[PDB]
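S.K.: When you get a sec, could you give me coordinates for this:
(2 chains, ligands or ions: 9)
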Amino acid sequence: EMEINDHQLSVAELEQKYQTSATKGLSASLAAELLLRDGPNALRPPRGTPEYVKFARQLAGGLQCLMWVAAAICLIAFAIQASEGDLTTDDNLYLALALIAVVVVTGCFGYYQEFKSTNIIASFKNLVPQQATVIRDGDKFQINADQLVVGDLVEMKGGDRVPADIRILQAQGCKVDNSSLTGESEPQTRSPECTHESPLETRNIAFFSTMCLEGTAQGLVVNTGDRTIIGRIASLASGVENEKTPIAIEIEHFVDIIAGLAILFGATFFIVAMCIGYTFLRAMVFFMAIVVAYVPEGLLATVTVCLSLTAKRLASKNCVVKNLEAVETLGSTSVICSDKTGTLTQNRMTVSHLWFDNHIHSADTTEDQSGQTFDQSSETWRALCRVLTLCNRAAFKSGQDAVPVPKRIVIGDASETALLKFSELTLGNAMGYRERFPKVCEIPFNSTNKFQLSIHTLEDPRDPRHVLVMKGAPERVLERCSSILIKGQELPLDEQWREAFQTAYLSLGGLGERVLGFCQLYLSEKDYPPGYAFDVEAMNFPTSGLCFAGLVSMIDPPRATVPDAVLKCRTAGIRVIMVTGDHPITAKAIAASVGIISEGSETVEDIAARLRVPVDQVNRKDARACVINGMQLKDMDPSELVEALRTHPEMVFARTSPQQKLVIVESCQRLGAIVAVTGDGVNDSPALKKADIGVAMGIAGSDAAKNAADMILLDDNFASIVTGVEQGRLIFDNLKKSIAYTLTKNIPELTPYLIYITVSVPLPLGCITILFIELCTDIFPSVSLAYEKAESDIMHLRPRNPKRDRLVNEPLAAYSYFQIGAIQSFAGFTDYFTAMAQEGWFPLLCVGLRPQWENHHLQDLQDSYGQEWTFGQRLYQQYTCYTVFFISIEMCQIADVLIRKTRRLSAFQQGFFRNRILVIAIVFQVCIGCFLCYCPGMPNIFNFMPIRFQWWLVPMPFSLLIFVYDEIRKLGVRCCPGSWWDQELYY
Amino acid sequence: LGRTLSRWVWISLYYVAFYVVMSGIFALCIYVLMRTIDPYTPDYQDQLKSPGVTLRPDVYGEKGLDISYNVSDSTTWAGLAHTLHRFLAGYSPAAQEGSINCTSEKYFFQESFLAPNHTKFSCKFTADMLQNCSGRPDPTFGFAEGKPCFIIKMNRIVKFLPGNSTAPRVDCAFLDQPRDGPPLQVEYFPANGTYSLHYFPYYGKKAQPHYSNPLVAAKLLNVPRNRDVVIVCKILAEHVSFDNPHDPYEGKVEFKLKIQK
Ligand SMILES: CCCCCCCC/C=C\CCCCCCCC(=O)OC[C@H](COP(=O)(O)OCC[N+](C)(C)C)OC(=O)CCCCCCC/C=C/CCCCCCCC
Ligand SMILES: Cc1cn2cc(C(=O)N(C)CCO)cc(N[C@@H]3CCOc4cccc(C)c43)c2n1
Ligand SMILES: *[C@@H]1O[C@H](CO)[C@@H](O)[C@H](O)[C@H]1NC(C)=O
Ligand SMILES: *[C@@H]1O[C@H](CO)[C@@H](O)[C@H](O)[C@H]1NC(C)=O
Ligand SMILES: *[C@@H]1O[C@H](CO)[C@@H](O)[C@H](O)[C@H]1NC(C)=O
Ligand SMILES: [Mg+2]
Ligand SMILES: [Rb+]
Ligand SMILES: [Rb+]
Ligand SMILES: [Rb+]
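M.R.: Residues are numbered from 1 along each chain as shown, chains lettered A, B, ... in the order given. Ligands and ions are numbered 1, 2, ... in the order given. Here you go:
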């Protein structure tokens, strides 16, 4: 870009290259010409997103490319028929129109459910401009970050967001928040010297998104907008392309299963149809008729609404998904790669442990205050609490009485803010407590003095004397403390107490944490009266000999839900891996703190620490956990990495760049892993895009991370995720309940026609009617099967093996078509011939009859009783054979939906009335079937007539045949789940 | 390359047995379904709320009955007559032997099944009752003239009963063409264009194996030449519908007619 040299440059060389000055900045005339030259200092969004071509992609896919092929074959068939002059060629134009109408209205449904998904994301995003304090023509003032141009001179301070990529020139104790780019939760020191040649490790550059915590600095802009470090991570994260979702894989799997049957059924019944001696035009037009019945015109609809009800279920729990496929993905997901800083943690310095009264107390670290706080009963605390509260200069922004204290904005340092929040919660109205002990002398934290300190007058007026409070680097608090508060009294700081403060300081340093000492001293109102004048440079007060209060320590803590959430996913068969750009010590801590690394497991560097060997001679397998730092990961040929990954089951990756994050997911996806990543900052966006489902904190998340992610958690409730797996496995189980239902009936939609081809009986079932099944009668049942519950304890299973456990397969496929569809076919043919014989046509006569039946030029054909019917009366019986094959299906299909409720358990055991949505659906199924027959004019409008209430009941002894074949199937598969019968008769 | 070989058969035989199980259930159902229904009378016969009537000779072009012929050209009506002959080839008194010369001149309820092999009895309609359109004297049934005869027939329904008042006649007319010349005129055989009432009602192709439909003709005298007309032949009874829209052959026959000179 332009930067890999910039930090190594001299001020003479820099202000030459960008034609500026390190003191005065740009001339306004030139900073305007550069803004035109380089555009605005922001990030071009993924510029190409036309509204119409969003709808375009809502129309391709597994099922849709099938319907199109079928829709085309409906038009190829229609022309073929009218070319040799065929009548009611409507029925080819009705299926083509319905096939295309279904794929269209599905494309609309999702289009809004993205618009509304992406407007609710646009709702949660902040749109007030970030700001820079700039210098131009030697004038300091405020502007917006976006008008910064390459070469400008700016300033920063505690609170201001870093407005560009900036080179440091002078730094006064400047610390910064890098957790968006690096995983570094620790603040980072900024200084104008060249620490490195890679500008991500050097200290003399500030990055475009980062947050300045405490201190102040000044420097020059070196790259603006996309050309920043920030901007070039989305450029890769845009360059990343994401994989096809697991559910879409399982769709195009069975699309190819469906096609395979249509083809052979067309070909065989074309080769069959040629041996009945047809026209080649017609042995093959049936071929096309055959393949098109095998398309369920309405399965695409039932899936999209099944997903919507789970998509909506999640949305109610503050969990937004962009496209409905990812709704499933969590359930089938088997690996979670998780960002630490900002994702597993709160990314907030919180007070964790304290030392006083010779005891290491641990506080409540959580955001909602659900945890377990410490003993505040003793005197040493109230003094220690007074010290930390009074020796604190940070301040809350006004009007924050509502928001929980952890989520409030404080004008102050990193350490000072954490204590202020801690002081505010533990004591209550911290700001007002220290106001009533009026401050009269103060010393800033210092390079030469190395501590903070203040002296105060006291609360009640009957005490006229003063008190001094001091905190700082604990060893610099101890050299000047000769007295310690202990158990009420104030004791001498002897060699018991000297060696006991150094063990604790380095004990809490052992947890990586940042810790300060706190101390106090009461001054005499004789030497130091009301009206005394304290001077600093003349040390007219004690800078030594103080009474020690205690230590207080801070750390980046996990989010309250996270540790529970982590260990519920592990118990659901999902390995977790931390992928964090923080240093390996904080990594292992949070890893054990939440349950990435379990209580009682070790890295190889703990075995060689316990056994005290060199690490050289330790066994790898015996270490349950391992930590790999980002730069030793380079040395690893991936096949080394695969040895390590399945050998150390609890893995932790430290100091990993956005590139390595992507790699680790890629290395897992290469091993048949459905893996999801979770992140906040831009370091996650690449791996957030590569993942099978990327998840982004809707609050703590950077824009590129949320853009690249497929799912967003707006409440930042990490435990929203586990509710996702339960869903993703629910619909998965519940889809192969819903899908198996809508597929069975295609066979008794085809067999009446297949028999019609080869036996030439009067047409049993019409494409005017087979659509009313496909697209009206059987929809409410199929989508109710979303509301099936677990049968097992769904959350206590492994994720689905992608290869063995599929959405449909040869066992589930053959059972639904060729066994259940056969019974529904026999159920129709029986109800067919009854209507025939009972209205006049003997089944034996129905053989080969069709030629004269549909013949328009006969008007007096003799039935078996010798009665002569006109064509327009044979019509109304071929309509009755429609209506009678139709009700045969409905009485059979009402049995089909109940028996998919339960895939292993007996519907006795689970229940009949179980799914109250599934019950309400079926009343809808018979009610439209009643309207379709006995409404006035229904004979002519569609091909249905008021049928006699005898033919209703003829299929009912086939309906209840079905219930007791699958019952003794899932009674025999639960009672005898052995080898033979558990594979064949199970789906 | 698929599943287990020696157990592929162990399910391939199952599918076999599964299908013979279902086919036999079916086989029982049709055996019952046949031994359910009556072998002389239809159980419901629902779409037969009125009988179709059916003209001869039947020639359709597109869109329905289109009868066009040029009298001078023998070939234009040679097959039209030949069908009328080979149709009445069963209406010969020779072929119509197993029947009786009905006299009743009113309804004929046979409640008693007395005949060869427990059959029943049937009346007679031999060609001669059409008397002019019977192929004798004119084997062209008036086609050679320009006054062709069209045999009109009614569909036969078991135990259907059309009424008492008169005999059920026919009546053939234009679809009104009033201003253009006189109203149509036709003579019918036998008189008044009536099917005698003693031919009803039907007791099924099983009870009456030797049965034939009663006939009338319609010799077309008034007809103008080289001109397209349409002729409806509505039947005039009380148990009959002739205006049902979704089946216009219910109780009538329409046909385009062009007699060319
Ligand atoms: C993929 C596998 C497909 C395999 C399908 C095979 C189905 C074959 C099953 C049964 C066939 C019937 C067996 C016939 C023997 C049974 C007894 C019998 O003889 O009964 C009598 C009837 C005729 O009665 P009648 O006039 O003599 O009685 C006198 C009338 N009285 C009683 C009123 C006086 O015999 C008859 O009709 C003879 C004609 C039988 C009816 C023809 C029906 C054709 C329709 C076939 C569709 C089958 C369903 C396919 C579903 C496959 C789904 C994948
Ligand atoms: C499996 C199947 C059953 N079917 C029934 C009907 C039907 O009952 N009706 C109302 C009209 C016919 O009687 C129409 C179909 N139409 C399909 C549409 C796809 O392509 C073709 C191509 C060639 C021929 C056809 C017939 C068809 C059809 N297919
Ligand atoms: C009728 O047929 C004769 C002989 O085939 C022919 O000469 C005459 O032109 C025809 N009349 C009409 C109107 O076509
Ligand atoms: C007409 O009926 C007579 C009864 O008088 C019957 O004997 C005869 O068979 C019929 N006529 C002829 C010519 O057979
Ligand atoms: C019927 O035939 C007779 C003689 O065959 C004839 O006199 C009579 O006129 C014919 N009928 C008509 C309507 O011409
Ligand atoms: Mg982050
Ligand atoms: Rb279909
Ligand atoms: Rb505690
Ligand atoms: Rb993705």
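S.K.: Residue of chain A nearest ligand 9, please.
M.R.: Distances between chain A and ligand 9 by Cβ to the ion are smallest at residue A:242, namely 3.4 Å. Quick note: C-beta positions are derived from backbone N, CA and C, even for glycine.
S.K.: Quick check: the gap between that residue and residue A:118.
M.R.: 17 Å (Cβ to Cβ, to the nearest Å).
S.K.: isn't there a helix covering residue A:167?
M.R.: No - counting by DSSP: H, G, I helix; E, B strand; the rest coil, residue A:167 falls outside a helix, being strand.
S.K.: for residue A:175, helix, strand, or coil?
M.R.: Secondary structure for residue A:175, judged by three-state DSSP, is strand.
S.K.: What count of nearby residues applies to it?
M.R.: By the measure other Cβ atoms under 10 Å in any protein chain shown, the count of residues near residue A:175 is 19.
S.K.: related to what we said a few turns ago, burial measure for the residue of chain A closest to ligand 9, as a count.
M.R.: When neighbours are defined as other Cβ under 10 Å, residue A:242 has 15 of them.
S.K.: Enumerate every residue touching the closest residue to it other than its chain neighbours.
M.R.: Excluding the flanking residues, the one nearest residue A:242 by Cβ to Cβ, 6 or more residues apart in numbering or on different chains is residue A:689, at 5.0 Å. Taking Cβ atoms under 8 Å, 6 or more residues apart in numbering or on different chains as the contact definition, residue A:689 lies against A:237, A:240, A:241, A:242, A:708, A:709.
S.K.: Quick one, which of the residues you listed are buried?
M.R.: Among these, those buried by neighbour count (16 or more other Cβ atoms under 10 Å in any protein chain shown) are A:237, A:240, A:708, A:709.
S.K.: Residue A:682 is in contact with the third one, correct?
M.R.: Translated: residue A:708. No - Residue A:708 is beyond contact range of residue A:682, at 9.2 Å (criterion: Cβ atoms under 8 Å).
S.K.: List phi and psi for residue A:344.
M.R.: Residue A:344 adopts backbone torsions of phi -70, psi -30, taken as degrees, to the nearest 10.
S.K.: residues contacting it?
M.R.: Applying Cβ under 8 Å, 6+ apart, the residues contacting residue A:344 are A:338, A:558, A:559, A:562, A:566, A:578, A:580, A:590, A:594, A:718.
S.K.: Now intersect the residues you listed with the strands, please.
M.R.: Judged by DSSP state E, those include A:338, A:578 as members of strands.
S.K.: Can you add distance to ligand 9 and neighbour count and give the contacts of residue A:344 back as JSON lines?
M.R.: Shown next, in JSON lines, are those (distance: Cβ to the ion, whole Å; neighbours: other Cβ atoms under 10 Å in any protein chain shown):
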{"residue": "A:338", "distance to ligand 9": "15", "neighbour count": "25"}
{"residue": "A:558", "distance to ligand 9": "25", "neighbour count": "25"}
{"residue": "A:559", "distance to ligand 9": "23", "neighbour count": "25"}
{"residue": "A:562", "distance to ligand 9": "22", "neighbour count": "24"}
{"residue": "A:566", "distance to ligand 9": "22", "neighbour count": "26"}
{"residue": "A:578", "distance to ligand 9": "20", "neighbour count": "28"}
{"residue": "A:580", "distance to ligand 9": "20", "neighbour count": "33"}
{"residue": "A:590", "distance to ligand 9": "25", "neighbour count": "26"}
{"residue": "A:594", "distance to ligand 9": "24", "neighbour count": "23"}
{"residue": "A:718", "distance to ligand 9": "19", "neighbour count": "24"}
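S.K.: Please convert the contacts of residue A:344 to TSV, extending it with distance to residue B:176.
M.R.: As requested, the contacts of residue A:344 are exported to TSV (distance: Cβ to Cβ, whole Å):
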residue	distance to residue B:176
A:338	89
A:558	95
A:559	91
A:562	91
A:566	91
A:578	95
A:580	95
A:590	98
A:594	95
A:718	86
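S.K.: which one of the contacts of residue A:344 sits closest to ligand 8?
M.R.: Among those, and counting by Cβ to the ion, the member closest to ligand 8 is residue A:558, at 15.5 Å.
S.K.: need the contact list for the residue lying closest to the closest one once chain neighbours are set aside.
M.R.: Distances taken as Cβ to Cβ, 6+ apart place residue A:594 nearest to residue A:558, at 5.1 Å, with adjacent residues excluded. Applying Cβ under 8 Å, 6+ apart to residue A:594 gives the contacts A:344, A:558, A:562, A:563, A:566, A:567.
S.K.: go on, residue B:158?
M.R.: Residues in contact with residue B:158, defined by Cβ under 8 Å, 6+ apart, are A:865, A:866, A:867, B:40, B:41, B:42, B:45, B:201, B:202, B:203, B:204.
S.K.: Give me the PyMOL select line for those residues, limited to the buried ones.
M.R.: In PyMOL, this line selects whichever of those come out buried by 16+ other Cβ under 10 Å:
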select buried, (chain A and resi 865+866+867) or (chain B and resi 42+45+202+203+204)
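S.K.: Out of the contacts of residue B:158, which are close to ligand 3?
M.R.: The subset of those lying close to ligand 3, counting by Cβ under 6 Å from any ligand atom, is empty.
S.K.: got CSV for the contacts of residue B:158, with secondary structure too?
M.R.: Formatted as CSV, those follow (three-state DSSP):
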residue, secondary structure
A:865, coil
A:866, coil
A:867, coil
B:40, coil
B:41, coil
B:42, coil
B:45, coil
B:201, coil
B:202, strand
B:203, coil
B:204, helix
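S.K.: Return the closest of the contacts of residue B:158 with respect to ligand 1.
M.R.: Checking the contacts of residue B:158 against ligand 1 by Cβ to the nearest ligand atom gives residue B:40 as the nearest, at 9.0 Å.
S.K.: Enumerate every residue touching the closest one.
M.R.: By Cβ under 8 Å, 6+ apart, the contact list for residue B:40 reads A:865, B:158, B:203, B:204, B:206, B:207.
S.K.: how about 6 Å then?
M.R.: With contact set as Cβ atoms under 6 Å, 6 or more residues apart in numbering or on different chains, residue B:40 has these partners: B:204, B:206, B:207.
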